[PDB]
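A closer look at the structure
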Amino acid sequence: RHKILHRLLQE
Amino acid sequence: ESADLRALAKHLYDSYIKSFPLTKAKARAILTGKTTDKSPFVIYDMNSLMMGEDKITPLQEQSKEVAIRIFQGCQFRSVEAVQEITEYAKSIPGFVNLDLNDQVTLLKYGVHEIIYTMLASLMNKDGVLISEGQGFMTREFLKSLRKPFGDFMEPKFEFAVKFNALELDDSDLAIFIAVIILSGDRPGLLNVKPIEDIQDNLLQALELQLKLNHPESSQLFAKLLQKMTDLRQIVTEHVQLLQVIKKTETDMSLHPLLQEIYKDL
Ligand SMILES: C[C@H](CCC(=O)O)C[C@H](C)C[C@H](C)C(=O)CC(=O)[C@H](C)C[C@H](C)C/C=C\[C@@H](C)[C@@H](O)[C@@H](C)[C@@H](O)C[C@@H]1CC[C@@](C)([C@H]2CC[C@@](C)([C@@H](C)O)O2)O1
């Protein structure tokens, strides 16, 4: 977190 | 085993083809003039920069200096690659089953090594395919760039030459790219062990791929393993440039995605 990766990971 | 090693070899390629719109196959086809139906503008100086400049980087424009325009296309193109690689990653068997923090960690560290691997596909001795291949920038013109930038790519062209001499293809590259991502020695990984079992399966699929797809390179596997660590050099080199544009070089704000990534490594 790393907020943007995460969202890109979540979907 | 060696049928699911073929199985997994194919899955990756399929997903590689899904996630990566520009392939070596296309890049090589254009580079050698085989699609004279896609013949690329040549940027060789400030002068041809201008004319090729006119092909997002919006009203975000401001005709500033050469190097800031080049900063912005790099930045935008990095953002896209991060997304493709990530989507590709999401498709490596078992990747999603891992702890979220470690899936993040692998991308944090895997992402630039793959950006530079892929860059080699776009390069030869004299320059680089840009703008989805509708463009070709010379090595010589990248050398005329001032300040910290003129001698940055030189070590990437060397090595893009050395690594292209391995005549790897898209199906080869797919597994190599997954091997890199699934590497358990990244700083800050929580659960190393599951990653290693994943990487070992990939290492083996690759081994086979290479014996199959290139039966007369004898030791291709070993040659290709070594590039992985040249890649980390390439990358600490990268990291150390960001560094100089962090302090000196006002005006060059990293994209927040790229901020997340270059931060604590
Ligand atoms: C092919 C490139 C120009 C193409 C373009 O103007 O569009 C050559 C380009 C000069 C590459 C190097 C970075 C360069 O000299 C940079 C430069 O002065 C500016 C001032 C500093 C940097 C932006 C700071 C931030 C990021 C960059 C360092 C980083 O971007 C690059 C090192 C690295 O990213 C290499 C390249 C550029 C971006 C990219 C992900 C792109 C290119 C096509 C594709 C699909 C390939 C590669 O997979 O991805 O790889």
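Numbering of residues starts from 1 on every chain and follows the order in which that chain's sequence is written, so it may differ from the entry's own numbering; residues lacking coordinates are left out. A letter from A marks each chain and a number from 1 marks each ligand, given out in the order of writing. Water and hydrogen atoms were dropped before computing side-chain values, which therefore reflect all heavy atoms in the structure.

The record lists X-ray crystallography as the method behind this PDB entry and 2.84 Å as its resolution.

If you look chain B up in the PDB entry, it shows as Peroxisome proliferator-activated receptor gamma from Homo sapiens. This entry's official PDB title is "Identification of a unique PPAR ligand with an unexpected binding mode and antibetic activity". UniProt positions are given in the numbering used here, feature names are shortened, and annotations may be inferred rather than shown by experiment. Quoted verbatim from the Sequence similarities heading of the UniProt record, the comment on chain B is "Belongs to the nuclear hormone receptor family. NR1 subfamily."

A short note on the interface of chain A and chain B
Listed as interface residues are 10 residues of chain A and, on the opposing side, 15 residues of chain B. Accessible surface is computed with a 1.4 Å probe, and the buried area is the amount of it that two parts give up when combined, taken over both parts together. When chain A packs against chain B, close to 1200 Å² is buried across both sides, 67% of that on carbon and sulfur atoms. Of all residues in chain A, the largest losses of buried area upon contact with chain B belong to A:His2, A:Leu5 and A:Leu9, amounting jointly to 53% of the total for that side. A side-chain nitrogen of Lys or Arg and a carboxyl oxygen of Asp or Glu constitute a salt bridge if their distance falls within 4 Å. The tally of links from chain A across to chain B stands at 0 salt bridges. We define a polar contact as two N or O atoms separated by no more than 3.5 Å, with the added condition that, inside protein, one atom must be a possible hydrogen donor and the other a possible acceptor, whereas residues neighbouring each other in sequence contribute only through side-chain atom pairs. Linking chain A to chain B there are 7 residue pairs in polar contact. Working rule for contacts: check all heavy atoms of both residues, and any pair within 4.5 Å makes them a contact.

Side note on the pattern of salt bridges
Any two side chains of opposite charge can pair if their charged atoms end up close together. All names here are of chain B. Per the counting criterion, the structure on display carries 15 salt bridges over all chains. Two residues, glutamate 113 and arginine 232, come together in a salt bridge whose shortest N-O distance is 3.8 Å. One end of the pair, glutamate 113, is in helix 5 (residues 100-120); the other, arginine 232, is in helix 11 (residues 220-247), and 119 residues separate them in sequence. Between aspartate 185 and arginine 232 there is a salt bridge, and its shortest N-O distance comes to 2.8 Å. Linking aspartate 185 in the loop between helix 9 (170-181) and helix 10 (192-213) with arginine 232 in helix 11, this pair joins segments that are 47 residues apart in sequence. For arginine 232, a relative accessible area of 31% translates into the label partly exposed. Salt bridges here are not isolated pairs; linked through shared partners, they connect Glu65, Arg146, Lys147 and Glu249. Working definition: helices are DSSP H or I runs of at least four residues, strands are E runs of at least two. Numbering for both runs from the N terminus. Think of it in three bands: residues with accessible area under 20% of the maximum for their type are buried, residues over 50% are exposed, and the middle band is partly exposed, with areas taken using a 1.4 Å probe on protein chains only.

Side note on the nonpolar core
Residues and elements named next belong to chain B. If you look at the biggest cluster of nonpolar residues, it comprises 83 residues, and the most contacted ones within it are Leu12, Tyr88, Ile92, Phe95, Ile181, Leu182 and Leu202. Take this core: its biggest share by element is 11 residues, from helix 4 (residues 66-89). Beyond its immediate sequence surroundings of up to four residues, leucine 12 is in contact with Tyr88, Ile92, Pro93, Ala174, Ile175, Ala178 and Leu202. Take the buried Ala, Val, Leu, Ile, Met, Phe, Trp, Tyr and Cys residues and link them wherever side-chain atoms come within 4.5 Å; each set so joined is a nonpolar core. Counting 5 residues, the second largest nonpolar core, distinct from the first, contains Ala27, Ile30, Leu31 and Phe136.

Some details on the side chain of B:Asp172
All names here are of chain B. Checked against the element boundaries, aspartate 172 lands in helix 9. The side chain of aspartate 172 is buried and forms no salt bridge, while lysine 24, the nearest opposite charge, is found at 7.2 Å. At 2.7 Å, the side chain of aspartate 172 forms a polar contact with the backbone nitrogen of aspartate 169. There is a polar contact of 2.9 Å between the side chain of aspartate 172 and the side chain of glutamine 209. If we skip the residues at most four places from it in the chain, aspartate 172 touches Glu167, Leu206, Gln209, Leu210, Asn213 and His214. Under the counting rule used here, the positive set is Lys and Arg, the negative set is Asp and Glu, and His together with the chain ends is not counted.

Details of helix 1 (residues 4-19) of chain B
Here helix 1 of chain B is 16 residues long and its end C-alpha atoms lie 22 Å apart, about the 22 Å a rise of 1.5 Å per residue gives. Its buried side turned inward, helix 1 of chain B meets helix 2 (24-31), helix 4, helix 9 and helix 10 of chain B. Multiplying 1.5 Å by the helix residue count minus one yields the expected span of that helix.

A word on the pairing of strand 3 (residues 135-138) of chain B
Residue and element names in this part refer to chain B. Neither face of strand 3 is left uncovered, since the one carrying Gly135 and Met137 and the one carrying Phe136 and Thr138 both have all their residues buried. Bridge analysis of strand 2 (residues 127-130) against strand 3 gives 4 bridges, and the strand direction is antiparallel. Residue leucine 129 lies in a different strand from strand 3, and its bridge partner there is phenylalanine 136. In sequence, strand 2 turns back onto strand 3 through a hairpin of 4 residues, with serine 131 there showing a positive phi of about 50°. Between any two strands, pairing holds if DSSP finds at least two bridges.

Overview of the site of the ligand
All names here are of chain B. Inspection of the region around the ligand gives 20 residues, with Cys74, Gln75, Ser78, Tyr116 and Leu122 positioned closest. Its free accessible area being 860 Å², the ligand has 90% of it covered by the protein chains. Among the elements of the structure, helix 4, helix 5 and strand 2 are those that each provide at least two residues to the shell around the ligand. Ranked by the residues each element gives to the shell around the ligand, the list is headed by helix 4, at 8 residues. The residue inventory of the shell around the ligand, partitioned by class, reads 15 nonpolar, 4 polar and 1 charged. A single heavy atom is enough: if one lies within 4 Å of a molecule or strand, its residue is considered near that molecule or strand. Accessible surface is estimated by sampling points in the Shrake-Rupley manner with a 1.4 Å probe; for residues, cover comes only from the protein chains shown. Amino acid classes used here: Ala, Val, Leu, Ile, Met, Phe, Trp, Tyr, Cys and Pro are nonpolar; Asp, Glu, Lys and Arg are charged; the rest, including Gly, are polar.

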